[PDB]
């Protein structure tokens, strides 16, 4: 979901429905947690050109709007300039979380920009992989696959690229898929570590690409069911895996 108004939270489907009255946007900047997800990118691919957020947690003080606002009004490449501004600010003050606070953020940050128009190609690419390499229903061996979710009782978001790499053992099918994915993330920068309000400073794996994905798990059948409601699920090939078929 996105947005919390008291005890209300906007489902992504409802958000998409709302953005239909919006003109086509150059960028959709989510100064909010966990929004750089393939499922959000795909669901909102028709609302704009670029998705800007973090696959993991966003710092409380958020964007340096003293520099981000001018970035938003650039002639062109606003999306890239928004991201680079956001990143450069926190990397300049990065001190591996020493003396971390809202008023002095030394925990760094990670920002990615996704090209929305390539999300359909990515869904096609992914559908060629998932049923073929996920024939059974079983918890995955996810060691080495960057987890953007530092809440060990949730662990919702994993790096999509590293996950596809894992299940294909980086074979020739990965390279094919990787070609399609390379066209999606146009920006991805991160400090060596980020700050989690749940776990503290955590390492951002150097091979992470900045776009998250969900992964089914035996512990959360209700959430596996909920994932069948996403539009990405319907086109990603997950329906034809051993987890859902």
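Numbering follows the first chain given and starts at 1.
> Averaging C-alpha B-factors over each stretch, which comes out higher, 153-161 or 70-78?
It is 70-78 that shows the higher mean C-alpha B-factor.
> In the PDB record, does 136-144 or 108-116 carry the higher mean Cα temperature factor?
Comparing 136-144 with 108-116, the higher mean C-alpha B-factor belongs to 136-144.
> Sort the modelled residues of this chain by their C-alpha B factor and say whether residue 64 lands in the lowest, middle or highest third.
Middle third.
> When the modelled residues of the chain are sorted by Cα temperature factor, does residue 230 land in the lowest, middle or highest third?
As the PDB entry reports it, the C-alpha B-factor of residue 230 lands in the lowest third of its chain.
> Going by what the PDB entry lists, where does residue 36 fall on CA B-factor within its chain: lowest, middle or highest third?
Answer is lowest: the recorded C-alpha B-factor places it there.
> Compared with the other modelled residues in the chain, in which third is the CA B-factor of residue 223?
Residue 223: CA B-factor falls in the middle third of its chain.
> Within this chain, which third does the Cα B-factor at residue 18 fall in: lowest, middle or highest?
According to the entry, residue 18 has a C-alpha B-factor in the chain's lowest third.
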